[PDB]
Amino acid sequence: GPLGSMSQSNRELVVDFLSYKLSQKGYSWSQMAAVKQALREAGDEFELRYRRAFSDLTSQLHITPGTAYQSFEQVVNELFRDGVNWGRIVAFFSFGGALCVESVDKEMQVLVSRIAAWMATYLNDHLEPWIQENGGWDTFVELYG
């Protein structure tokens, strides 16, 4: 309901802000918060270090709504064709972000929620088995956090 939603929204705002302030001091609200923060930083670092190459590949992105799924799946399949590792996983997230930004740039905002769903499905079905076999997201935090 509207009343509860208002209450729930205020709570989430508080949690979000506190999580952020804690992270700035190297603390975390929760393990989930720690993972989110590690992934954000790793994505930033990835995109910063390899700025030339990342801009290059994203400049090759010429998506239309009718070709975006094929573009997403074909890149991601090739990315993981001969293995999964933490760096390729960071690359997978960064690629998804780039696609969302490009979609909004070109007034294709409708693609944003679709890309998120495609990424979540891929993560669930194709990355999670490796992730669980390799120490889970807690292990990623230990390495890239």
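Residue positions are given as counts along the sequence shown, with the first one as 1. Between two forms, the rigid core is defined as the largest C-alpha subset superposing within 1.5 Å.
When the other structures are laid on the shown form by the rigid core, the stretch among 43-51 and 116-124 with the greater C-alpha deviation in 4 other deposited structures of this protein turns out to be 43-51. Core superposition of the other structures onto this form places the C-alphas of 23-31 farther off in 4 other deposited structures of this protein than those of the other stretch among 23-31 and 85-93. Note on 58-66 vs 30-38: mean CA B-factor is higher in 58-66. Note on 45-53 vs 93-101: mean CA B-factor is higher in 45-53. Per-chain ranking of the deposited C-alpha B factor places residue 85 in the lowest third. Per the deposited record, the Cα B-factor of residue 112 falls in the middle third when ranked against the other modelled residues of its chain. Per the PDB record, residue ranking by Cα B-factor puts residue 25 in the middle third of the chain. For residue 19, the recorded CA temperature factor ranks within the middle third of the chain's modelled residues. Per the PDB record, residue ranking by Cα B-factor puts residue 9 in the highest third of the chain.
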